[PDB]
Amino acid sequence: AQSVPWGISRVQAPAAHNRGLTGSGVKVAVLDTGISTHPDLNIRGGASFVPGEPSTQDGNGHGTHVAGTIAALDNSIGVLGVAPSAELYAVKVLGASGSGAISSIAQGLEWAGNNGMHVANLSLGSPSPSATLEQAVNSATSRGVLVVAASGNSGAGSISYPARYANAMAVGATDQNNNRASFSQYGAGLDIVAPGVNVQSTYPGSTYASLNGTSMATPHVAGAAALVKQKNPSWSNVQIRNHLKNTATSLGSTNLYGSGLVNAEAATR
């Protein structure tokens, strides 16, 4: 039996699926710890920029979890992604330890722009700015990639890099009450929020696990971006990004929530 995680129904993904929008034909790169083969995922390809882990398989669990929020297959098992038909690419930029070098992350973004990815999911972030990282964000953006990044989990009134950068779409996390999760970074540069507490998804070892974080919120928006892209195949990264913000449900302060909660129903109308 397939279950629909609360976050998926919170962002109203099923409303979009009911109109025929599933992310079909949209290429989404998950820049993380890799993506493990799983019965509820369809991994189209990818690359590893982690020296010492040539494989795109996930030795951590985060990347597989993020992948499932975006595109867990719509079938009779497991869970269901926001964009269950999106074409998923495993871009390994973090090691099994869940940490990685900036250069690996910048190589992953270059790879994304070089391979015609429409969306790049970066559920990672640093409190420090990086010239190298910034340039990779800007380069992928001018190659038509929508870069979606986590705001961070410090609970501070300032957001992480690269989410802070103008060309990154910064995603904060909400709980089941539609309040900002205590750990969710907010402040200047925050674009939007999505579910990030008790998020159930795919996990290595052919199972399912629940995690918390701004990393969990981000894929809901990457997924929402693929739905909009499918509906409006001529739209650019910027057009998609503004539309998502324009159709988000206000939750109160833009300092805390940016545009508000992503809404895939409103975005695909």
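A residue's number is simply how far along the shown sequence it sits, counting from 1.
K.L.:
Comparing 52-60 with 36-44, which has the greater mean CA B-factor as deposited?
P.N.:
If you average the C-alpha B-factors of 52-60 and of 36-44, the larger mean comes out for 52-60.
K.L.:
Can you let me know which of the two, 27-35 or 226-234, has the higher average C-alpha B-factor in the entry?
P.N.:
Taking the mean B-factor of the alpha carbons in each, 226-234 is higher.
K.L.:
Sorting 174, 75, 139, 185 by Cα temperature factor from the record, which one lands on top?
P.N.:
Highest CA B-factor of the listed options: 139.
K.L.:
Between 84, 98, 189, 196, which one tops the list for Cα B-factor in this entry?
P.N.:
If I rank 84, 98, 189, 196 by C-alpha B-factor, first place goes to 98.
K.L.:
Comparing against every modelled residue in the chain, figure out the third that the C-alpha B-factor of residue 21 lands in (lowest, middle or highest).
P.N.:
Ranked within chain, residue 21 CA B lands in the highest tercile.
K.L.:
Taking the values exactly as deposited, rank residue 242 by C-alpha B-factor within its chain and report the matching third: lowest, middle or highest.
P.N.:
As the PDB entry reports it, the C-alpha B-factor of residue 242 lands in the highest third of its chain.
K.L.:
When the deposited Cα B-factors of this chain's modelled residues are ordered and cut into thirds, is residue 88 in the lowest, the middle or the highest one?
P.N.:
Its C-alpha B-factor, which the entry lists for residue 88, ranks in the middle third among residues of this chain.
K.L.:
Lowest, middle or highest third of the chain for the C-alpha temperature factor of residue 1?
P.N.:
Ranked within chain, residue 1 CA B lands in the highest tercile.
K.L.:
Sorting by Cα B-factor within the chain, modelled residues only, which third would residue 123 end up in: lowest, middle or highest?
P.N.:
It falls in the top third of the chain.
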